[PDB]
């Protein structure tokens, strides 16, 4: 009964030139350190490594303190290690054996009472050995989300779908995404599968009085994507079947909340590929105050097309609107609130209230002010819009450490399709503002009104809730020096890093 501890790229790479492939992952080191050391008294833990693995270690850290170090080697002897450095008091002497099966017997022989848990700690030779012999009950894996040049690899195994797209190992633990030196990563654990309260109790018994789950086997649910997945399950389990403007049926709930950290990684949902080109192109479009949808479509982003066709414009009772014109919609209200709309071709510069600019000026000069809001809802103009805004309001907030948070309120949420797009969209806006105001991005908070999954998406979502999420990627702003105002960002000023989502899922847009 042994455990495998590893840090590992999506392609199972683990080393290069007898060393680590990535810059230092401090939190990984701390995690590895804690896992291999902590115990429920008299007992300590055993770390088993290979020669190359022992040798790669900086001399400062070998031998691994408070732990019975063991090396598997044919060519090195117990004296080489005893003479490599002078030993310190309070530790066991490193022991060397022919193979892993041999190295295990040594633990059964001499250390039958001293040690608690055993850990195979590297490298490819030993990990492979343990997998063959099937004594490994658990895998403590650090998924490095970025790809790195490698010559040494972790052997393939049943259930390596947790790494990338293609007696088993199923995930039982998935942590939130951490990042160090511009490298996003997280921790999984895969398991080998193949009367002070008595008085209250019966009162609870009569009170309770009356199905679908996301990745049910995953018990510790650190990953923040669980919010979205538990939110899906919830609506399907406890929603209410409604009719619709569209004619397509709906299961809905009212009043919902997720929030996402922006300091370590970016919440680009990993359980299905998010059309990021679309969120970027559209957010840029918003910020310009552009209301011509053809500018999006010509760039290969057809998200608004169905909602600006000749047919739809007339159902919405706007025969005079050119094909493409979303009326005075989201962008317009951000940049020219309450201005008199004409068409998508008109220049509205200096007109209306520039909510966006005001929000930034306030952020830069008086960040304690509680009137840092931007609204898209304009009662007077709703009829002129092709579609009333879903995400209609956002508030910004700064704390002590110059960390920026953003709340967005959405009236009507398409959970299968719209939500992950809207999460990534406003999380990006936060990064943009944070940079321009000289603030650290902290948190994005999602406030939802009518929250619904369409009945024709239900089949497809059940498939999605079997998928265990991958580590969130990092979004970087490039050209950090060139960009000084919110209007200075372009499509080329960003780079998604480490995005390894699951394959695409087709969902029809309710027209």
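Residue numbers count along the first chain shown, from 1.
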Other PDB entries, at least a third, lacking residue 210: yes
Interval residue 371-residue 372, deposited residues with no coordinates in the entry (none, 1 to 3, 4 to 9, 10 or more): none
Per the entry, higher mean C-alpha B factor between 417-425 and 125-133: 125-133
Residue range whose averaged C-alpha B-factor is higher in the record, 80-88 or 253-261: 80-88
Among 72, 380, 183, 293 - the residue whose C-alpha B-factor is largest in the record: 72
Residue with maximal Cα B-factor (values as given in the PDB entry) among 393, 96, 229, 437: 96
Residue 240 CA temperature factor, ranked by third within the chain: middle
Third of the chain, ranked by Cα B-factor, where residue 45 sits: highest
Residue 444 by Cα B-factor - lowest, middle or highest third of the modelled chain: lowest
Residue 280, C-alpha B-factor rank within chain (lowest, middle or highest third): lowest
Chain-relative CA temperature factor third for residue 5: middle
